[PDB]
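Worksheet: one structure, shown below.
FYI, it's all coordinate maths here, none of it is from the lab. Every residue, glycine among them, receives a Cβ derived from its backbone with ideal geometry; neighbour counts consider all protein chains shown.
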Ligand SMILES: O=C([O-])C(=O)[O-]
Ligand SMILES: O=C([O-])C(=O)[O-]
Ligand SMILES: O=C([O-])C(=O)[O-]
Ligand SMILES: O=C([O-])C(=O)[O-]
Ligand SMILES: [Mg+2]
Ligand SMILES: [Mg+2]
Ligand SMILES: [Mg+2]
Ligand SMILES: [Mg+2]
C-alpha cells in the first residue's frame, strides 16, 4: 500500500481529468505495483475530495458483475463505487454530452433502502428486509483514464458518472426480480437486451456483498441510500444527439437524450 | 364536379409538389367552389398516376376522426386515403427527412383483413369477422399544399391523398377478439420526452368503426376493402412534428412499441 | 420583488375579479417586469385573504405539467397553487356555471396524504411512503385575467392561484402500491362525445413526481404538505371548455368515473 | 457475377473444410469481386451437394439479426441459410465437439410451419397464420472460413455459419403469448454467460420469417409446410468446448440443455 499522500495525488489527477474532460494515463501504467487495496484507497480519497467540494453521498454501485460471472474474464469478484448527488438525472432529461469523456449507458436495478445494511454477515434476506423499493435505473459510466486495468477502473470510482432513475417503483416482494428484463433502444433501435438474473444470479446479491465489503471500514449502507446492483446489459456508447429509451416491460421505462 | 382533365392536372401538381418537396398553393383557394366529391376525384386521379408509375395499393387510412368527433370542429365526418407500398417503413427504421415537407407523426391502430369488406351495409361486426389481426401503426402525415397562404381546408387534405406520406407498423399482433380494443393506450415519446398520450376509444368510440364506414364510402365506386389490405383506423393523438435528428418511440403498453429515427 | 403592499393589492383585484366574474387585464401587462417570485407572492397573499374570509386549505395542485414537458413550450417547470375547501364538488354534482368566468375541465390523479411531506430532498419514494390513497380527480380551472388584451403569461396564471377554481373527486380509491399509476388512462366525454383521452404517464413521466417537486418548492417558505391534504398531480389531457348545460363524464376504466353537470 | 461452375468449386472447398474440420481462406479475399448474389449462389450449390449426398432440407435460419440492427455494424439486412437433417440434436444430447471447428451456441426461437409461406409479399401476419408452433431453439454456429464488411459474403457463402440446431422446451401456438417478451438465461457449466429478450430479433422474432419467404420467392422457392424456421439469436454466441454443459432457461417457455463430448 502506497502512503496516503500518493493516494491523494492520484485522486487529484482523476478529479482534474473529470473536470477538464481530459484523460490521464492509466494509473496502473504509471504505478505498475498498484494493488486493489491502493485502488480502493484512491477511490476513498477522490470521493472524500468531491464531498468536500460540496457533493453528498447518495448511495453506491456494484459493478463488473457480468465480468465476475463470465468464465472468460479473469475478474474474480465485483467492484464498487460511491454515488454522489450530482450524478443523478431525472427520467426524460437532456444530458450534457460535453460533461463526459467516453460516456456509455447500461441497464440496472436499484434498491432504495428503508433501513441500514451492515456486514460482515449481510445476506440476500437482509437486503429484502431493508429495501423500501426496487426501481429501474440506468447507469452512465465513463473513464478518466485512457484505454489505449481493473485497478484503474476501481481507482476511477468504478467508472461512475451518472445515474438515471425511472419506471415503476415496486416493493421487493411484488414480483420475482430475477425475471425483470429490458430492451435498450438507442436512436430507435434495440442495441442490447437482458434479464436481471444476469446480475449475480439475483440482482439483490450484490447489495449484501457490498455491505460485507464496507464493514471492515466501519462503513454501512445507510437508510435512504440508493444502491445500483450491476448492469445486465453490455454498456452502449452515448454520443451527442443520441436518444435512449430503455423498456423494462411491466417495470416501465427510462429515457434521456444526449445534447 | 370539375372535368376529369381538371382533376388530373390538380393531381399532377400535387405529385410534383411531393416529388420536389415544394408546396403548392391551397387547392381550395385556387378553386373556391371545389366540392368534397371533387377532392376525392383528385385523390383518385393522383393514386391512379402513382400506381401507373409502379406503386401498389396496400390499404387505406381513415383520418380526421378526432375532428369529426370534436364539437369545436366544423368537420362532420372522417376522411380517407389510399396507402401505397412505398409508404411503409419497418419498426426501428431511419426515415429520410428530406423525402418529406412538413412531416408529423401520429398514433393509430391498423386492421389487417383476412376477408374482403364491401358496403353499403358494412357494420362493426363485419369488420370483426373480416379482421385477421389488429396491430399498432404510426402514420407519418404531410402536406403538399401551404397551410397559410403566402389556411388550408378539408378539401385540400382530401385532395392531397388525406395527408398520407408514411406508415410504420410494429408491436404485438393480436386477434380482434383478444382484448378490448377500446382501451389500448399509448405514450408518444420524441427525443426521450412524452409529447402526447391517448386511448384508442378516442377514434370514433371504437377503432374498428371507421373500417365499416370506409367500406360503406367505397361501395358507390364499385370498390371494396380487399383481403390482405392494411386499414389504418385514425389517430388517437394529435400529430407531432418530425424534424431531422428526432427519435420517436411510441409505447402501446402491453401491445408493444413502434420507433424510428429521422435522418 | 414588489413590496408586500403591491402583492396584496394585485391579490385584491383578482379576488374582486373572481367575486364579480369579471376579468382584469393581464397582471403581466400592467407589471411588465413581474418575476416568478412576485407571482407566487401574489398567490400567497390571495390565499391569505381567502382563508381570512373563512376558507380552509385542503391541499395543493401542480399544474403546467404537459407544457413543462412539451419541447414546443417555453415553460421550463410546473406551477402550483392552493386548494381551498369551497373548491370541492362531489361526483355527480350540478356545478353553477355563473360562479365561473371561462371554466374548463381537465383530467388528473390526486394523492391523499397519510403523512406529511417536507423538502428540500423529497423523492418519489417519499411520496409513495406518505400517500394513503390515489384517487381520480377532475380539476375545474378558470382565468381571472383576460387571455387576449382588450396574451396572458405564466406570471398571470401563477398569480391567479394557478387557475384554480374547482376540484371534483370520484372513482375508485387505491393504495399507491396496488397498480402501476403510470398506465391509468381516461376518456373525457362532454355531452356524450369523447373530447380528449390521455394516460397518467403524461404527467411528468410518473404522476407522483410533481408531489415531491411541490414539497421541495414549499420547503424554503417553511411550508410542508400536511397529513390529510389532497394533492392534484397535473392534468394528462388538455382542458375542455365547460358551458351551461354541458354534462361531463370522465371514464378512468377500472379506476371508475367522475361526472358532473354545468347548470 | 461468377459463372455457376465457380460457385460449385467454392462450395466444394467449403464442403471439404467442413469434412476435414480445417478452415479455408476467406472467400472474399480469394475472390475480391464477389457479390452478395454470388454468396447466395455458393450457398445454394453447397446445399445442393449436401442433399445429393443424402441430407434432407428441414428448414432455414435467419441470421445477423443483431448486426443488421446495431448502428456499430455496417451490415444492412439479415442473412439466411439452410437447415439440413444432420444438423439437429435432441434436447439433453451429447454433441460431438470433434465434428466442429470453432462451434458457438446461441439462443433463438423457431417457427414450425403448418402451411407454406411464399413471397414476394409475405408479411408477419402470414407467418402467424402459417405457424403451427413456436418452440425454443439453440443454434450451434461454426466457421469454415478463417477470419483474419465483406466478411458478410463469407458468412453467407458458408451456409450462414450453420452447423447445428437443438430444439427443446415448451411448444406454443403463436397466439399463446407475446413472443417479443420471451426471455432466456444461457448457462454454461453452471454460470450465466448471456441473457436476452426475443424482441432483440428484429423487434419481433417472427419478422425474419416473412423477410425470408420474400428473399426466396425470386428463386421459385418457398418455405414449405413442415419446415422449422430459426428466427435469429437474441444473445451473443458463446464458445462451446469439449466438456461444456449448456442449459438455457427460457422461463415459462422451458429449457434446452446439451453437453459437448
Ligand atoms: O461496472 C459496472 O458499473 C457494471 O457492471 O454495472
Ligand atoms: O387525418 C388523419 O390521418 C388522422 O386523424 O389520423
Ligand atoms: O395547469 C394545470 O392545472 C394542469 O396542467 O393540470
Ligand atoms: O447469424 C445468426 O445465426 C444469428 O444472428 O442468429
Ligand atoms: Mg453499473
Ligand atoms: Mg392518420
Ligand atoms: Mg390541473
Ligand atoms: Mg442464429
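Footprinting exposure proxy ranking of A:179, C:183, fewest other C-beta atoms within 10 angstrom first, gives A:179, C:183. Set the Cα radius of gyration of the range A:212-253 against 2.2 N^0.38 Å, with N its number of residues, and you get 1.78.
Please give the calculated 222 nm ellipticity per residue for chain A, where each DSSP H segment of at least 4 residues contributes -39500 (n - 2.57) and the sum is spread over every residue; nearest 500 deg cm²/dmol? Spell out each step's value before the answer.
Numbers: 7 runs with 66 residues, N = 259.
After summing the helix terms and dividing by residue count, I get -7500 deg cm²/dmol.
Averaged over peptide C:118-127, the number of partner chain Cβ atoms lying within 10 Å of each residue's Cβ comes to 3.
Normalised by residue count, the range D:1-78 yields a Cα convex hull volume of 122 Å³ per residue. Fewest neighbouring Cβ atoms within 10 Å first, the residues C:29, A:64 line up as C:29, A:64.
Going by a ≥ b ≥ c, the root eigenvalues of the Cα gyration tensor, does the range B:96-249 fall in the rounded group (a/c under 1.5), the prolate group (a/b larger than b/c) or the oblate group? Walk me through the numbers on the way to the answer.
Numbers: a/c = 2.10, a/b = 1.31, b/c = 1.60.
Oblate is the answer for the range B:96-249, as a/c is 1.5 or above yet b/c matches or exceeds a/b.
Quick one: plug the Kirkwood hydrodynamic radius of the protein assembly as shown (C-alpha pairs) into Stokes-Einstein at 25 °C, 0.890 mPa s, and report D in µm²/s. Numbers along the way, then the final one.
Working: Rh = 31.6 Å.
Using the Kirkwood radius from Cα pairs, D works out to 78 µm²/s.
Is there a simple number for the mean count of other chain Cβ atoms within 10 Å of the Cβ of residues in B:230-238, and what is it? For this peptide, the per-residue mean of nearby foreign Cβ atoms is 1. The distance from the alpha carbon centre of the range A:189-259 to that of the range D:42-71 is 38 Å, rounded to a whole number. Let me make sure I get this right: for chain C, a, b and c are the square roots of the gyration tensor eigenvalues over alpha carbons, sorted descending. Under 1.5 in a/c it's rounded, otherwise prolate if a/b > b/c, else oblate. Which is it? Oblate, because a/c is 1.5 or more while a/b does not exceed b/c.
Per DSSP H run of n ≥ 4, the term is -39500 (n - 2.57); total these for chain C, divide by its residue number, and report the mean residue ellipticity at 222 nm rounded to 500 deg cm²/dmol. Provide the component values of the computation, followed by the final result.
On the way: 7 runs with 66 residues, N = 263.
Value at 222 nm, helices only, nearest 500: -7000 deg cm²/dmol.
What area, in nm² and to one decimal, does the C-alpha convex hull of the range C:89-135 cast on average over all directions? In nm², the orientation-averaged hull projection of the range C:89-135 is 5.2.
Peptide packing: for C:194-201, B:114-121, C:244-251, the average count of neighbouring Cβ atoms within 10 Å per residue gives the ranking C:194-201, C:244-251, B:114-121, highest mean first.
The order of D:122, C:145, going from fewest to most other C-beta atoms within 10 Å of their C-beta, is D:122, C:145. Distance between the C-alpha centers of the range B:51-101 and the range D:89-139? Whole Å please. Comparing the Cα centres of the range B:51-101 and the range D:89-139, I get a distance of 36 Å.
Would you mind classifying the range B:191-263 by shape? Square roots of the alpha carbon gyration tensor eigenvalues, ordered a ≥ b ≥ c; an a/c under 1.5 is rounded, otherwise it is prolate if a/b is larger than b/c and oblate if not. Don't skip to the end; give the middle numbers.
Details: a/c = 2.56, a/b = 1.95, b/c = 1.31.
Here the range B:191-263 falls in the prolate category.
Measuring max minus min along each principal axis, the C-alpha atoms of the range D:124-218 give extents of 46, 44, 21 Å (largest first). The residue D:3 and residue D:99 beta-carbon pair, evaluated with R₀ = 35 Å, returns a calculated FRET efficiency of approximately 0.60. Taken over the alpha carbons of chain D as equal point scatterers, the Debye sum produces base-10 log I(q)/I(0) values at 0.11, 0.17 Å⁻¹ of -0.56, -1.42. Counts of other chain beta carbons within 10 angstrom of each beta carbon in peptide D:183-191 average 4. Under the simplified labelling scheme, the residue A:147-residue C:71 pair shows an inter-label distance of 3.0 nm, with each label point 7 Å from Cα along Cα→Cβ.
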